[PDB]
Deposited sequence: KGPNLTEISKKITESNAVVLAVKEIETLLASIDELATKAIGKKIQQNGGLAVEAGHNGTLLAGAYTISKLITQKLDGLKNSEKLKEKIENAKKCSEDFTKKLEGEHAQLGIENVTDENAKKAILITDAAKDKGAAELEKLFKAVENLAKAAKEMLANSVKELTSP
């Protein structure tokens, strides 16, 4: 019974650490679905302001660089393959954004190009969003396995 408390707390530490990565991905999705081409509006809400998404994409870039860092701190023989798959997907996403600097690494990034980078429901998603979509799937799979380990401990 002394082993169970040690097993529950340490497996919950993985669930908490994975939740951090899940939420970082959700914040990118929130920037993509709500903030692209927008500006703060008088009396609340967002108003349309097309084509100046350069600093917003720098923010998604920085969060992608936080996501791989969190994946590096994860270390479990059962989750080794699922963790390493998420880390490769997180690096691919960051590298794809870097490769599209000609269109994404400017101030006046168009709404279309910003969506192609970070909006996973974008039709073309050929400037990073397809890599972001794989990163979502890899992290969701890692979360499901971690949540099952905590349920088996309890």
No C-alpha coords for deposited residues 1 to 4, 80, 160 to 165
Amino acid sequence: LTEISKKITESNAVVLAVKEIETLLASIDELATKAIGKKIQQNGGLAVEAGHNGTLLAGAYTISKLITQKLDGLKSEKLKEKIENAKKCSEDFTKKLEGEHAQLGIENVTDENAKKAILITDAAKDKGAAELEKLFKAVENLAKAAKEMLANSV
From here on, numbers count along this sequence of modelled residues.
Per the PDB entry, mean CA B-factor is higher for 136 to 144 or 18 to 26, namely for 136 to 144
Stretch exceeding the other in mean C-alpha B-factor - 90 to 98, 55 to 63:
90 to 98
Pick out which of 108, 69, 33, 42 has the highest C-alpha B-factor in the PDB entry.
69
Among the modelled residues of this chain, does the Cα B factor of residue 121 put it in the lowest, middle or highest third?
middle
